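Just the one chain here, the form deposited in one PDB entry, laid out as structure tokens.
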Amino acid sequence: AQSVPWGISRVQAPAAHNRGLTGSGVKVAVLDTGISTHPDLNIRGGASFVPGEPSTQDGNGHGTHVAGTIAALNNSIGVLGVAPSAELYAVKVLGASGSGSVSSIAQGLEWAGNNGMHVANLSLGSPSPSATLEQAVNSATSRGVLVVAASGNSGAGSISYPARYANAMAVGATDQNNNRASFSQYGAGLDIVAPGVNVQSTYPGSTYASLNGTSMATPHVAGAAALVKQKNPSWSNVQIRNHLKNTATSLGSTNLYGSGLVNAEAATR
């Protein structure tokens, strides 16, 4: 039996699927700890930029979980992604510890741009500015990638990097009451929010796990971007980003929420 995680329903992804919008033909790079093969995922390709970690398999779990929020297959098992037909690419930029380097993240962004990705999901952050990260985000954006990044889990009123940079779409986390999760970073640069508390998704070992974080919110938005791109194949990164914001459900102050809760149904009307 397939379960629909609450956040997938909350972003109204099933309604989009009922329109026939699934993310088919849309290339989504997951810049993370890898993606492990799983009965509820299809992985089309990828690359590793972690020294000494040559494979794209996930030695952590984080990247596999993020990937399932984007694209868990629509079937009789497991969970269900926002964009269950998206073409997933495992871009390993974080090691098994859950951390990476600017170098590695930047290389993954460069790979996404050079491989024609439509969306790059960055469920990751660094506390300090990094001109190398800024330039890699700008380069990927120039090449046509929509970069979507987590705001961070410190609870502070400023957001992590690279989310803080203008060309990364910054995603914070909400809870089941549609309030900002306590940990969700906010402030200048926040674009949008999505479910990030008690998010069930795929995990290595052909299993499932529930996690909290802005890392879990981010892939809901990446998946919604894929639905919009399937409907509107001519649209740029910027057009997609703006449409997601314009069709979000306002939750209050933009300082706390950006444009509010992403809404895949509204975004694909």
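Numbers for residues come from their place in the sequence shown, where the first is 1.
We do not show the form solved in complex with a partner chain, though everything after this point is about it.
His38: heavy atom within 4.5 Å of the partner chain in the deposited bound form? No, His38 sits far enough from the partner chain in the deposited bound form that none of its heavy atoms falls within 4.5 Å.
Is the gap between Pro127 and the partner chain in the deposited bound form 4.5 Å or less for some heavy atom pair? Heavy-atom contact with the partner chain at 4.5 Å: present for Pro127.
Report whether the minimum heavy atom distance between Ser99 and the partner chain in the deposited bound form is within 4.5 Å. Judged by the heavy-atom cut-off of 4.5 Å, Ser99 is in contact with the partner chain in the deposited bound form.
Going by a heavy atom distance of 4.5 Å, is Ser142 a contact of the partner chain in the deposited bound form? No, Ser142 is distant from the partner.
Please identify the residue among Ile105, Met117, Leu190, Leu80 with any heavy atom within 4.5 Å of the partner chain in the deposited bound form. Only one listed residue qualifies here, and that residue is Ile105.
Quick one: of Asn198, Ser154, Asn178, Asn75, which gets a non-hydrogen atom within 4.5 angstroms of the partner chain in the deposited bound form? Checking each option against the partner chain in the deposited bound form, the one that comes within 4.5 Å is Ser154.
So which stretch, 67-75, 109-117, 90-98, 190-198, is the one near the partner chain in the deposited bound form (non-hydrogen atoms, 4.5 Å)? Only one stretch passes the 4.5 Å heavy-atom test: 90-98.
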